[PDB]
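Colleague: Take this structure, written in structure tokens, and hold onto it; I'll ask about it next.
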Amino acid sequence: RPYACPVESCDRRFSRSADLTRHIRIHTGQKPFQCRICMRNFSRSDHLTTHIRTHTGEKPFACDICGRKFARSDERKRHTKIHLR
DNA sequence: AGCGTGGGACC
DNA sequence: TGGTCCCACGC
Ligand SMILES: [Zn+2]
Ligand SMILES: [Zn+2]
Ligand SMILES: [Zn+2]
């Protein structure tokens, strides 16, 4: 919690100094990761990785119940719960 | 659905 | 630093 965002208009606080560094990019608008397929810029390398799958169609996450594939684990997570009742 | 994207964590 | 998951939330 000791790490406050220096931007004046912003008052968000962070427990980890590094979580502030990432956060600073929201204010600086820095997007240092580019998709070589569509040239779009992204603020995070991990977000670029999952974005690229929208081009290749790579879906490494399969639902345990029906086997349906998803590009992201969170999409699979959101899906799996539909099998309930 | 499709998928951007920030915060927390872990390495 | 900086890479990479999970999470969550949003549209
Ligand atoms: Zn801030
Ligand atoms: Zn792209
Ligand atoms: Zn399923």
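Residue numbers start at 1 in each chain; chains themselves are named A, B, ... in the order of the structure tokens; ligands are numbered from 1 in the order shown.
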Dump the neighbourhood of ligand 1 as a PyMOL selection string: all residues within 7 Å, distances computed on only C-alpha atoms (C1' of nucleotides) and all ligand atoms.
Modeller: chain A and resi 5-7+10-12+23-24+27
Colleague: Using only C-alpha atoms (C1' of nucleotides) and all ligand atoms, find each protein or nucleic acid residue lying at most 9 Å from ligand 2; present the set as a short mmCIF file (atom, residue, chain, number, x, y, z; two decimals) with N, CA and C atoms, in the first residue's frame.
Modeller:
data_model
loop_
_atom_site.label_atom_id
_atom_site.label_comp_id
_atom_site.auth_asym_id
_atom_site.auth_seq_id
_atom_site.Cartn_x
_atom_site.Cartn_y
_atom_site.Cartn_z
N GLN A 34 3.88 -5.09 -30.39
CA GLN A 34 3.12 -5.06 -31.62
C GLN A 34 2.85 -6.42 -32.27
N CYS A 35 1.62 -6.58 -32.73
CA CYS A 35 1.18 -7.79 -33.41
C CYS A 35 1.70 -7.68 -34.84
N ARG A 36 2.58 -8.60 -35.23
CA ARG A 36 3.12 -8.55 -36.57
C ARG A 36 2.07 -8.86 -37.63
N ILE A 37 0.94 -9.42 -37.22
CA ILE A 37 -0.11 -9.75 -38.17
C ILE A 37 -0.93 -8.52 -38.58
N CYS A 38 -1.45 -7.79 -37.60
CA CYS A 38 -2.27 -6.63 -37.90
C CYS A 38 -1.66 -5.30 -37.47
N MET A 39 -0.45 -5.36 -36.91
CA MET A 39 0.28 -4.18 -36.46
C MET A 39 -0.31 -3.45 -35.25
N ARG A 40 -1.36 -3.99 -34.63
CA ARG A 40 -1.96 -3.33 -33.46
C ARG A 40 -0.95 -3.33 -32.32
N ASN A 41 -0.96 -2.28 -31.51
CA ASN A 41 -0.04 -2.18 -30.39
C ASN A 41 -0.75 -2.53 -29.11
N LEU A 48 -0.77 -9.52 -25.91
CA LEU A 48 -0.46 -9.63 -27.32
C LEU A 48 -0.48 -11.09 -27.70
N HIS A 51 -3.94 -12.20 -28.15
CA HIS A 51 -4.52 -11.49 -29.28
C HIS A 51 -4.15 -12.19 -30.58
N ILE A 52 -2.89 -12.60 -30.70
CA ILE A 52 -2.40 -13.29 -31.89
C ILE A 52 -3.20 -14.55 -32.22
N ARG A 53 -3.77 -15.17 -31.19
CA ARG A 53 -4.58 -16.38 -31.38
C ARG A 53 -5.89 -16.07 -32.10
N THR A 54 -6.26 -14.79 -32.16
CA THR A 54 -7.48 -14.41 -32.86
C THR A 54 -7.20 -14.46 -34.37
N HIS A 55 -5.91 -14.50 -34.72
CA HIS A 55 -5.48 -14.57 -36.12
C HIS A 55 -5.18 -16.02 -36.54
#
Colleague: Compute the set of chain A residues within 9 Å of chain B, using only C-alpha atoms (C1' of nucleotides), and express it as a PyMOL selection string.
Modeller: chain A and resi 19+22-23+26+43-44+47+50-51+54
Colleague: Please, which residues of chain C lie no more than 9 Å from chain A when the count uses only C-alpha atoms (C1' of nucleotides), and can they be set out as a list in words?
Modeller: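 The answer, sorted by residue number, is residues 3, 4, 5, 6 and 7 of chain C.
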Colleague: Print the selection's residues with N, CA and C atoms (P, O5', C5', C4', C3', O3' and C1' of nucleotides) to a file, as a PDB file, in the first residue's frame.
Modeller:
ATOM      1  P    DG C   3       9.792  -9.183 -22.035  1.00  0.00           P
ATOM      2  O5'  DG C   3       9.390 -10.718 -21.973  1.00  0.00           O
ATOM      3  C5'  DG C   3      10.221 -11.654 -21.256  1.00  0.00           C
ATOM      4  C4'  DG C   3       9.372 -12.709 -20.588  1.00  0.00           C
ATOM      5  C3'  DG C   3       8.043 -12.997 -21.283  1.00  0.00           C
ATOM      6  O3'  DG C   3       7.866 -14.410 -21.409  1.00  0.00           O
ATOM      7  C1'  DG C   3       7.689 -12.633 -18.998  1.00  0.00           C
ATOM      8  P    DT C   4       6.769 -14.992 -22.433  1.00  0.00           P
ATOM      9  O5'  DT C   4       5.700 -15.638 -21.456  1.00  0.00           O
ATOM     10  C5'  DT C   4       6.138 -16.380 -20.321  1.00  0.00           C
ATOM     11  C4'  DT C   4       4.992 -16.585 -19.368  1.00  0.00           C
ATOM     12  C3'  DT C   4       3.629 -16.702 -20.047  1.00  0.00           C
ATOM     13  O3'  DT C   4       2.946 -17.824 -19.494  1.00  0.00           O
ATOM     14  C1'  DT C   4       3.534 -15.171 -18.277  1.00  0.00           C
ATOM     15  P    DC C   5       2.164 -18.843 -20.457  1.00  0.00           P
ATOM     16  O5'  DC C   5       0.782 -19.009 -19.704  1.00  0.00           O
ATOM     17  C5'  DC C   5       0.383 -17.999 -18.780  1.00  0.00           C
ATOM     18  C4'  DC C   5      -0.028 -18.621 -17.474  1.00  0.00           C
ATOM     19  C3'  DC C   5      -1.540 -18.576 -17.285  1.00  0.00           C
ATOM     20  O3'  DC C   5      -2.128 -19.796 -16.872  1.00  0.00           O
ATOM     21  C1'  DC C   5      -0.437 -17.122 -15.683  1.00  0.00           C
ATOM     22  P    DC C   6      -3.721 -19.936 -16.944  1.00  0.00           P
ATOM     23  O5'  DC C   6      -4.221 -19.252 -15.588  1.00  0.00           O
ATOM     24  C5'  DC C   6      -3.670 -19.642 -14.314  1.00  0.00           C
ATOM     25  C4'  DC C   6      -4.189 -18.738 -13.217  1.00  0.00           C
ATOM     26  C3'  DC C   6      -5.713 -18.622 -13.116  1.00  0.00           C
ATOM     27  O3'  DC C   6      -6.107 -18.563 -11.733  1.00  0.00           O
ATOM     28  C1'  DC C   6      -4.785 -16.475 -13.467  1.00  0.00           C
ATOM     29  P    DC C   7      -7.604 -18.983 -11.295  1.00  0.00           P
ATOM     30  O5'  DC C   7      -8.378 -17.605 -11.254  1.00  0.00           O
ATOM     31  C5'  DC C   7      -7.843 -16.475 -11.924  1.00  0.00           C
ATOM     32  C4'  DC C   7      -8.240 -15.218 -11.201  1.00  0.00           C
ATOM     33  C3'  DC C   7      -9.739 -14.944 -11.260  1.00  0.00           C
ATOM     34  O3'  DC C   7     -10.172 -14.328 -10.042  1.00  0.00           O
ATOM     35  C1'  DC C   7      -8.546 -13.324 -12.559  1.00  0.00           C
TER      36       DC C   7
END
Colleague: Each residue of chain A with at least one atom at most 7 Å from ligand 3 should appear once, together with its nearest atom pair and the corresponding distance in Å (one decimal); atoms considered: only C-alpha atoms and all ligand atoms; ordering: chain, then increasing residue number; output as a Markdown table.
Modeller:
| residue | atom | partner | partner_atom_place_in_ligand_line | distance |
| --- | --- | --- | --- | --- |
| A:63 | CA | ligand 3 | 1 (Zn) | 4.5 |
| A:64 | CA | ligand 3 | 1 (Zn) | 6.3 |
| A:65 | CA | ligand 3 | 1 (Zn) | 4.7 |
| A:66 | CA | ligand 3 | 1 (Zn) | 3.9 |
| A:67 | CA | ligand 3 | 1 (Zn) | 5.8 |
| A:68 | CA | ligand 3 | 1 (Zn) | 5.4 |
| A:79 | CA | ligand 3 | 1 (Zn) | 6.2 |
| A:80 | CA | ligand 3 | 1 (Zn) | 4.9 |
| A:83 | CA | ligand 3 | 1 (Zn) | 6.4 |
Colleague: Identify all residues of chain A in strand (DSSP E or B) (DSSP on the backbone) and supply them as a PyMOL selection string.
Modeller: chain A and resi 3-4+13-14+33-34+41-42+61-62+69-70
Colleague: Could you write those residues out with N, CA, C and O atoms, as a short mmCIF file (atom, residue, chain, number, x, y, z; two decimals), in the first residue's frame?
Modeller:
data_model
loop_
_atom_site.label_atom_id
_atom_site.label_comp_id
_atom_site.auth_asym_id
_atom_site.auth_seq_id
_atom_site.Cartn_x
_atom_site.Cartn_y
_atom_site.Cartn_z
N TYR A 3 2.95 2.46 -2.12
CA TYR A 3 3.16 2.99 -3.47
C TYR A 3 1.96 3.68 -4.12
O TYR A 3 1.10 3.02 -4.73
N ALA A 4 1.90 5.00 -3.99
CA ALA A 4 0.83 5.79 -4.58
C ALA A 4 1.25 6.23 -5.98
O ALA A 4 2.44 6.41 -6.26
N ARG A 13 -3.61 3.49 -5.29
CA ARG A 13 -2.45 3.04 -4.52
C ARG A 13 -2.14 1.58 -4.80
O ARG A 13 -3.03 0.79 -5.13
N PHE A 14 -0.87 1.21 -4.63
CA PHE A 14 -0.41 -0.15 -4.88
C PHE A 14 0.52 -0.71 -3.81
O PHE A 14 1.39 0.00 -3.29
N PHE A 33 4.28 -3.49 -27.47
CA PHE A 33 4.22 -4.84 -28.02
C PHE A 33 3.31 -4.82 -29.23
O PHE A 33 2.11 -4.58 -29.11
N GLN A 34 3.88 -5.09 -30.39
CA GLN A 34 3.12 -5.06 -31.62
C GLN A 34 2.85 -6.42 -32.27
O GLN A 34 3.72 -7.30 -32.31
N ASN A 41 -0.96 -2.28 -31.51
CA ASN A 41 -0.04 -2.18 -30.39
C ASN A 41 -0.75 -2.53 -29.11
O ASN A 41 -1.93 -2.21 -28.94
N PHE A 42 -0.02 -3.17 -28.21
CA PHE A 42 -0.56 -3.59 -26.93
C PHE A 42 0.34 -3.17 -25.79
O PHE A 42 1.56 -3.09 -25.93
N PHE A 61 -7.04 -24.34 -24.92
CA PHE A 61 -7.82 -24.72 -23.74
C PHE A 61 -9.15 -25.40 -24.05
O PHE A 61 -10.10 -24.78 -24.50
N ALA A 62 -9.20 -26.70 -23.76
CA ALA A 62 -10.38 -27.52 -24.02
C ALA A 62 -11.24 -27.75 -22.78
O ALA A 62 -10.75 -28.06 -21.70
N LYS A 69 -12.83 -26.03 -27.58
CA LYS A 69 -11.58 -25.28 -27.39
C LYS A 69 -11.73 -23.78 -27.33
O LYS A 69 -12.63 -23.20 -27.94
N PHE A 70 -10.81 -23.15 -26.60
CA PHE A 70 -10.79 -21.71 -26.40
C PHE A 70 -9.36 -21.17 -26.44
O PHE A 70 -8.41 -21.86 -26.06
#
Colleague: Just list the residues in chain A DSSP gives helix (DSSP H, G or I) on the backbone, as a count of residues only.
Modeller: 35
Colleague: Can you work out which one of A:21, A:30, A:76, A:71 has the shortest atom-to-atom distance to residue C:1, counting only C-alpha atoms (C1' of nucleotides)?
Modeller: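 Counting only C-alpha atoms (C1' of nucleotides), the residue closest to residue C:1 is A:21.
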Colleague: Calculate how many Å separate atom CA of residue A:60 from atom CA of residue A:75, rounding to one decimal.
Modeller: 11.1 Å
